[PDB]
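Structure assessment
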Amino acid sequence: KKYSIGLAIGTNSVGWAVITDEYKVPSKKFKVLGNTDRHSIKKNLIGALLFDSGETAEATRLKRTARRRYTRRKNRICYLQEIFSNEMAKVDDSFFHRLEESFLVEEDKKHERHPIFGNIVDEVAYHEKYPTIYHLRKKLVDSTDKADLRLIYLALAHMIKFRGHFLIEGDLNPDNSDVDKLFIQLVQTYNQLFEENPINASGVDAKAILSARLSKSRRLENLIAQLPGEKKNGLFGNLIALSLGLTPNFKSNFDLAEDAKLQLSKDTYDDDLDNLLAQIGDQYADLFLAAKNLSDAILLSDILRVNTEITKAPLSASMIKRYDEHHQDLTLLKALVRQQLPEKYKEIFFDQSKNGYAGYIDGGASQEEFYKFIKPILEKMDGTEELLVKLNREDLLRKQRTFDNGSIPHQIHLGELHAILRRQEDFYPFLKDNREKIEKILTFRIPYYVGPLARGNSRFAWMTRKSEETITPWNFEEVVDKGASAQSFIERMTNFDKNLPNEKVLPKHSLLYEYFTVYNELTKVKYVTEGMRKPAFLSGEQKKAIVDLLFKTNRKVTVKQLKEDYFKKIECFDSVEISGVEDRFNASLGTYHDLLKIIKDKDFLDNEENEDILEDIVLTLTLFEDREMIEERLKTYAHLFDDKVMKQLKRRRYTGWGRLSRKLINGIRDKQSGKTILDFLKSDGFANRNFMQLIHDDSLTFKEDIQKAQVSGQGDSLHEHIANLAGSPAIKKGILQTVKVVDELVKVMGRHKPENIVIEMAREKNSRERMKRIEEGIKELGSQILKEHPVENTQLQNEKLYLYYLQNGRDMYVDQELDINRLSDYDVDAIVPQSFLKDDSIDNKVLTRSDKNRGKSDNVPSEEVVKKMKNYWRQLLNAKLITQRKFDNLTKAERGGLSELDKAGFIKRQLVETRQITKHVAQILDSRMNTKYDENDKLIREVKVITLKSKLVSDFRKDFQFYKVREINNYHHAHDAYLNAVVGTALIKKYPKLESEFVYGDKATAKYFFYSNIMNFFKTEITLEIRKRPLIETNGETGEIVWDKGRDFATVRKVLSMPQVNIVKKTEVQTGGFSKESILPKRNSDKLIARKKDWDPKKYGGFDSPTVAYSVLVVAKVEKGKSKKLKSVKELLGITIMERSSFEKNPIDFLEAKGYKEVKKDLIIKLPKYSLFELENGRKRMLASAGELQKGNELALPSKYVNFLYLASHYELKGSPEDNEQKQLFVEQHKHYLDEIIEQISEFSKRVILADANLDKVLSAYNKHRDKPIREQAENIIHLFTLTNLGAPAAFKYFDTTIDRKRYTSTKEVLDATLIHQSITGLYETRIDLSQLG
RNA sequence: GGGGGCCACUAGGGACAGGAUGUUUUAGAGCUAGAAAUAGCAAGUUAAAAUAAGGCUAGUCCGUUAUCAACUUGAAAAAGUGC
DNA sequence: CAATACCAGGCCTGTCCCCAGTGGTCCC
DNA sequence: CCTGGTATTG
Ligand SMILES: [K+]
Ligand SMILES: [K+]
Ligand SMILES: [K+]
Ligand SMILES: [K+]
Ligand SMILES: [K+]
Ligand SMILES: [K+]
Ligand SMILES: [K+]
Ligand SMILES: [K+]
Ligand SMILES: [K+]
Ligand SMILES: [K+]
Ligand SMILES: [K+]
Ligand SMILES: [K+]
Ligand SMILES: [K+]
Ligand SMILES: [Mg+2]
Ligand SMILES: [Mg+2]
């Protein structure tokens, strides 16, 4: 008995099928356990396992991190209160007790209900004097009088609890506070550099112009307009643009041939400015630095909207300004509405449901919703012009705690905190002694490179301690070893050398590593001249001379430089032909040039004696990012460099790690030659062996030492091995299920391993990423397209509009503008045509006026289009609006275009799976099947693991009319697996030489033709004129029959027509959050859940809507009525995720606490979600929850109706027009099928669905559109299957008629039905008649 | 076919340190006329505290991913069970 | 009970690692 | 978006 298995691995399904030699699917009798009368059942060996998507760990991580943050914010407050404890006890011995219970109702309060002062007079006085906390903050900052200790605590606690961001290093307000003064100093620097062309800046109000609430480009235009004879794209204009945050191009300003784009926010700005200064000189550095200072001042003026000389609390003063303008504008608006619109006053100021002022202050209306509600009201009235101006600048009736406060740096809150401490420490000595401690509380962060401050109970922690005691903000530097912790931060994540598994890899920017890469590339260069007989390698002397003459004087070394600066200057060749490098060398000595610029000592860099030292320095600059730790580590080399060079050195930082270790590159030595790898790279006679040749050469000891250094460690389990693969957690879940299915299937066939296993793997918020890409690309492009055409993120889900914005609103094949309102008339063309590369992504698509303008449609865009549009395309590439791959495919015509080898490769990639994840799956199955070795100790491959792409079976279905319709039922997954098995086994039987291409384990026109006509042996006639093939296809060598076109197609049709297919929905315990996160208001309802142990929801609100982890069948007695008479029951209890641990620790006590008595402990049945119950007439239900059910039946629609629906709905490449005519004629000859289909649905519904209202509405809707075209009626019949689909009921639409879901809101019936436990394939069942329990 | 280094991009997976809102109860004396239903007016911007119930290992730690048909022996781990 | 309609915690900054797809180049 | 929880209306 021989058989093969077909598998279809997806993100929510694994289809499986067992086939025989004749491509038939067996059927077996399977034992049925349980307590019903049924002892066995017939099963076809074909089915599909269904499961909910595997989820990533991201959400868990975000919630875990927010948890830690809440804990540490509490800890900060606790530190502060600990400092205040004794003196506060002297002033008011219950102040902190009133704060801690402020949330409680007065009934539950132990102290007086007014928090701050404990009596109503003082409380009311305080609030009248300080309506907002920022009033009190400013007062404590500016006043000199002794203040109440409780108010001081409240101010400092508000600052520490909401302390602002940490995006700016160093200190703030360093005289970069005034915009006028930094603008004046920029003008002074500029007029210093350009004495002949001075700028007249008198009468220019730079403060109001640059600090105005306007866009960057608008403020730039306003400022430039005040300077005659100066344009926004001039030098000064670009400097102002750089200060305002735009991305100016200083190229034309300095007549550069290269582009010099600068943005102060990019990571490359330091190196970009150093690059620019390398050309025009260093006299211009002062100018760009003055511009950076002005930028800092403008960013600060965005937050501090008040004069910084009337108060030392500009932030609190700005918040008070917000409050005062709110008060004035509210008074004005109230009066205006009283006078002009007296009937709308109650709606605006009293109705919380409306988005007026009442809903804005007391309801759920946001500032944006309020502005939208009140803008027409202001435009309708008179006197609302200033209010409207404030409204359009988003500065009307502002609150102080708002969504945009995230701009505030923590140095500002710190300035206010320090000021308060300096004022009040003159009166309270413990504030003088603890000033720096409190400052530390506010300013201390745990470094990202230290992680959780755990003590051996956190799987996330890596921090090591210098000593064993409690870590506080004030002793962190002394208790935590920041060095070892920062080192573990990187070393627990980076790879070791695969060749030497115990050796750490080198930093990516190590000097040694770049020497290695440069020599490895340079050692395979060849060259020819006239007198030479044959191309030659480069000798060691030539390589060293090229390194010292070119690679050590130029960041990049082009082939022209190699030809002219070496072969002409040294070798005196006027003509030389180079191979092994094109255009320029890919490797380079970047770090050498960085350190040469910083230290300016070439002899220091070239002296081998300093190698070690340099390797350590780069290591530091790679391993650490904190400039203080960098300084501490580099301190040991301070005697070698000047303090200025030490400063520039500690400023420079690198990222990334290599693939090879130092011991591999320059450590181990060949036994006989005594040379390292890098030594051979520098010189290896006339062989010039590179890295692979060296480590694979049997005449050297490198290979043997690599083999000896190898270790294996502990092997992972199956689950561990799958978890460590590179792939989505969803597809990994599918892979694990696939392996479990194959294990069961082997167990079903009597532990007989199959001949072949054929596997096919499916292909694999976002609008925010689209909006971000467009914003960044357009602001980098300098375009005003978003000014003239505003767009929201959701709108970018339209392909044509997304392309339009990515192309700056221009045609991509013609240099012309495109119209938005004309997008429906334009074309979306594939760069490389989809007949070769089936790529439908934005990476291979282009919006154009007409695809005709591409040139010829059989290849890449023509050369003329490339010549026209290459510069515009390069602009789009630099703005990251198109990718490097998109640009390269767009420009391939100037490189020869598509060659025939490329077309052959594309057609091959369409059929041969090359994704790594599928290789890993194939390897897993292969290593689990084949385990024995032959006489040569080579693996014995009993089971051949074949991998196919979906296109083979897709084309098979489309060519032989085995169509799929996904919406009808879930059988198409199983059918895909069956067809996979059939096609894969037949293909490898017909052409055995293809095993290397399709089986796991170890001229262009010819291969193009061959791989295009690889599937033709299935066909009877092929049109490529017309050729015909025999009825019986056999193997050419063995003579074995592989396909009988008269019999096997019938077999496939019978297999696809079988109604009995094992569809199994994986039952899963529910996990995750306890309930909806929403904190609901108090309500008289037992559905509310307490947010804390003592917070009765009827007084404090709380949560509702918990998630049931799994239900539990309980058979017990419950007390009934006032008598408490015991009454037997049988019901489902939903154990919530929050209740699960308490229930599982002791079920009987849990159930008795819920009210049940005398629980039959052995009749407690655990029922996860999707548990299957069979009722009458084959009706099945699945458990959605403890009180709801899902549809549990499949509608096995006959094959003729499936193919009719496919053809009539025009589901998919029609083919020959004569075959299209035949298909249309078949559609029109079988119109009655429509009615029959409805009938088939109806009989199913009345038997299984039981939705009388919905079914009647659907029948009426079908009888309403009987005159519609057949195509549309079929398209909507497709929608009709939502009523019968397995699973949760969903709404659907038949034409314009909407059918709402019919829900099954009671689980009472399944308590007397038959529970069914299914194995992973569903072949093994256990059936329990619940009606016998009671 | 499988594999490796380098260059240019792109894409996804994992971890850590932080920010601003939101929500919930309470505090921020509502006034007047009517016994009240209510009517007229005044006012509104802020704060505390919680932010999965909680756990013991008591850390400035852990608490939402992955994994799970049934049954036997099993403490569980796990293995075994149907031609 | 049965049907019906409404609801849902998102947003943001920074540091770092890994595998893997595309196009190239040199090798095992 | 889905789909299970919830209050309202019967
Ligand atoms: K009290
Ligand atoms: K001007
Ligand atoms: K609001
Ligand atoms: K190159
Ligand atoms: K670094
Ligand atoms: K020095
Ligand atoms: K879930
Ligand atoms: K789970
Ligand atoms: K490669
Ligand atoms: K990432
Ligand atoms: K109140
Ligand atoms: K199952
Ligand atoms: K993040
Ligand atoms: Mg907590
Ligand atoms: Mg708040």
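Below is a summary of the structure that appears in this document.

Calculation notes
- Residues numbered from 1 in each chain as written, not as in the entry; some residues may be left out.
- Chains lettered and ligands numbered in written order.
- Heavy atoms only, no water.
- Donors = N, O, S within 2.8 Å, 3.2 Å for Na, K, Ca; no water.
- Buried < 20%, exposed > 50% of the residue type's maximum accessible area, 1.4 Å probe, protein only.
- Near = heavy atom within 4 Å.
- Polar contact = N/O pair within 3.5 Å; in protein donor to acceptor, adjacent residues only side chain to side chain.
- Helix = DSSP H or I, 4+ residues; strand = E, 2+ residues; numbered from the N terminus.
- Nonpolar A, V, L, I, M, F, W, Y, C, P; charged D, E, K, R; others polar.
- Patch = residues over 30% accessible without salt bridge, like charges linked within 9 Å, V, L, I, M, F, W, Y side chains within 5 Å.
- Areas by Shrake-Rupley, 256 points an atom, 1.4 Å probe, with all protein chains shown as cover.
- Salt bridge = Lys/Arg side-chain N within 4 Å of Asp/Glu carboxyl O.
- Pairing = 2+ DSSP bridges.
- Axes fitted to C-alpha atoms, helices over the stretch in contact; angles between N-to-C directions.

**Some points on the coordination of the potassium ion (ligand 4)**
All of the protein donors around the potassium ion (ligand 4) are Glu582 (O), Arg584 (O) and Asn586 (OD1); their distances to the metal are 2.8 to 2.9 Å. Between consecutive donors of the potassium ion (ligand 4), the numbers of intervening residues give the motif E-x1-R-x1-N. On the accessibility criterion, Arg584 (34% relative accessible area) is partly exposed.

**Let's talk about the protein's contact with RNA strand B**
Lining the immediate environment of RNA strand B, one finds 138 residues, of which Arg68, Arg401, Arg465, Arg773 and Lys919 sit closest. Backbone atoms, meaning sugar and phosphate, form 68% of the atoms of RNA strand B found within 4 Å of the protein. In this structure, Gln737 approaches RNA strand B through a side-chain N or O atom, which is 3.2 Å from a phosphate oxygen. In this structure, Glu1325 approaches RNA strand B through a main-chain N or O atom, which is 3.0 Å from a base nitrogen. Looking at which element gives the most residues to the surface near RNA strand B, the answer is helix α1 (residues 58–83), with 15 residues. For the surface near RNA strand B, the class distribution of residues is 54 nonpolar, 36 polar and 48 charged.

**Concerning a nonpolar patch on the surface**
Side chains of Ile120, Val121 and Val124 sit close together on the surface and give an oily, nonpolar patch of about 270 Å² of accessible area. Tracing the chain through its elements places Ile120 in helix α4 (residues 120–129). Residue classification places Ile120 among the partly exposed residues on the basis of a relative accessible area of 47%.

**Comments concerning the protein's contact with DNA strand C**
DNA strand C sits among 38 residues. The nearest are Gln693, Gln916, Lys1076, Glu1077 and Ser1078. Considering DNA strand C, the proportion of its atoms within 4 Å of the protein that are sugar or phosphate atoms stands at 89%. In the environment of DNA strand C, a phosphate oxygen lies 3.3 Å from a nitrogen or oxygen atom belonging to the side chain of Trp657. Note that a phosphate oxygen of DNA strand C is positioned 2.5 Å from one of the side-chain N or O atoms of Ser1078. Classifying every residue of the surface near DNA strand C gives 9 nonpolar, 15 polar and 14 charged.

**Concerning the sheet that holds strand β25 (residues 1189–1191)**
Sheet architecture is open: 7 strands sit in the order β4-β3-β29-β28-β23-β24-β25, paired in mixed fashion. Unpaired on one side and paired on the other, β4 (40–44) and β25 mark the two borders of the sheet. Between one strand axis and the next, the sheet turns through 35° on average, direction left out of account. Of the pairings in the sheet, the one linking strand β24 (residues 1180–1183) to β25 comprises 3 bridges and is antiparallel in character. Bridge pairing links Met1182 to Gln1190 in β25.

**Overview of the pairing of strand β3 (residues 27–34)**
Sheet topology note: the β3/β4 ladder contains 5 bridges and is antiparallel. In the sheet register, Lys29 faces β4, and the bridge partner there is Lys42. The hairpin turn running from β3 into β4, its antiparallel successor, is 5 residues long. In this structure, β3 lies alongside strand β29 (residues 1325–1329), joined through 3 bridges in parallel fashion. Bridge pairing in β29 links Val32 to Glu1325.

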